[PDB]
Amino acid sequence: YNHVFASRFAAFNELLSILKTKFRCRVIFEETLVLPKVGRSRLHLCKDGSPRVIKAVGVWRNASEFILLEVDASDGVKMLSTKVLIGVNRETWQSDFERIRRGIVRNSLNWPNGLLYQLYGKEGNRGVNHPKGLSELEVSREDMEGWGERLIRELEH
């Protein structure tokens, strides 16, 4: 039967489970940080006033790695995509990741595509839409699998 999530951010975790199960993926790491205060910005905080968070997840599937970036938009402010970064370097990810967090706040909660294209090129700056209906916090058991399917599409170029 269908799924019911507390927030948008909860659904992103159920996706990781499905990737582990149906799509044979391994989670390398999982870290969640707060978006930084950049300039006179206000969107680095949620409507209620708490720090807005972003979760990065390293993944491994069939001898190839990618990073998943997901922004906390559970307050309904903005509908961003799930970013799929291919070509990340352990030796500089922490710095690249920090620059990404800054750019997201600069562009008012919007992926810095100019930077991402700079970093990983047109074919390395990928992303996947959230499943229709998540605005209602309900997703069918098959829509959740399609979320994973559509992710493998971007990975398979």
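Numbers for residues come from their place in the sequence shown, where the first is 1.
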| property | result |
| --- | --- |
| Out of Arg61, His130, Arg106, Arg99, residue topping the C-alpha B-factor column of the entry | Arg61 |
| Where the record places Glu30 (Cα B-factor, split into thirds across the chain) | lowest |
| Modelled-residue ranking by C-alpha temperature factor, third containing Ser17 | middle |
| Chain third (lowest, middle, highest) by recorded CA B-factor, residue given as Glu70 | lowest |
| Third of chain Cα B-factors occupied by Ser95 | lowest |
| Lowest, middle or highest third - CA B-factor, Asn89 | highest |
